[PDB]
């Protein structure tokens, strides 16, 4: 019988790869279908380049791909339209915003699998130890808390201790972190939904200069090479007061044998001032059937199973990853395990998107521009003012003659 082959998630990032293979194998056992899991590199932009090799070749060697929320406009030609396979009632069980994101020129490229939003992780034990009752609401507060707690923990002999870790490596995760810095300073969305390239403004410049000012001071010098896992590893070992990361790090930090089990909470990221917007970059994964799959029916069945209530529930309970089904946010077992899913649901719903809708199939080029110009500020090569001017110019060239 057919062998259904899946590429999605990575064994290099938390438990995602391992869990994904387990789910695919469970489907295979349930249906009596042979399955194979193909592993992927950690970083989304590397995954995209890998999958593009299969797509360019029209390869039948992968039937199902896990695709990033930023990808439908790029990958649509390589996706089987799922719309004829789903009833309107079935589709309404997912958040409509994500179904819409995944629909490109009428083609439902992919089913919503898990969502994602950037959040602030904080050491509650250390806040209490140093006289703070709440996590920081403004970036200035975050800096002040980080300096005071670092001073004390260093003095007490933890030479590995930092105030803040985040994703500063030149890759897609930095575009996510930088959108949050820029938007939370009232500096806009980099490229607005209407197409306006707005990033050349003083608030965006200030956001980038602020981030530079962390490097080597409250954040390690090496933070300019950190992706999700590098940040998480410093944090999880007990060596950072604060971390910006995604939901998945919560379950990992709570696992038996984690140095920080029971010592942390999560909240919305800080912002420049009370009247700035909260920023949480929208992330997450969707499930695509390859246009080149020889087994569309079987692959659709697998995608439906993976996106089902009980599989998403398992993802939420065991891996603290966010459902794309609103009904799961009222599920007693989901909430007992992750009470913060309720507290932060409005943050998740109000997550700010990267400019993938407006950039469409040129999104990856736009994002590479963003992360390289932002990186040049983090490394000290450029100031924020020059970097946003140069970024404006780069994005104008990329998007010239593109309309949405």
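Numbering follows the first chain given and starts at 1.
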property: Per the entry, higher mean C-alpha B factor between 262-270 and 156-164; result: 156-164
property: Mean Cα B-factor comparison, 132-140 or 219-227, giving the higher one as deposited; result: 132-140
property: Criterion, highest CA B-factor; candidates, 188, 73, 277, 173; result: 277
property: C-alpha B-factor winner, where the candidates are 69, 49, 66, 26; result: 26
property: Ranked against its chain, the third holding the CA B-factor of residue 10; result: lowest
property: Residue 60, C-alpha B-factor rank within chain (lowest, middle or highest third); result: middle
property: Record-listed C-alpha B factor of residue 352: chain third; result: lowest
property: Modelled-residue ranking by C-alpha temperature factor, third containing residue 366; result: lowest
property: CA B-factor placement of residue 124, once the chain's modelled residues are sorted into thirds; result: highest
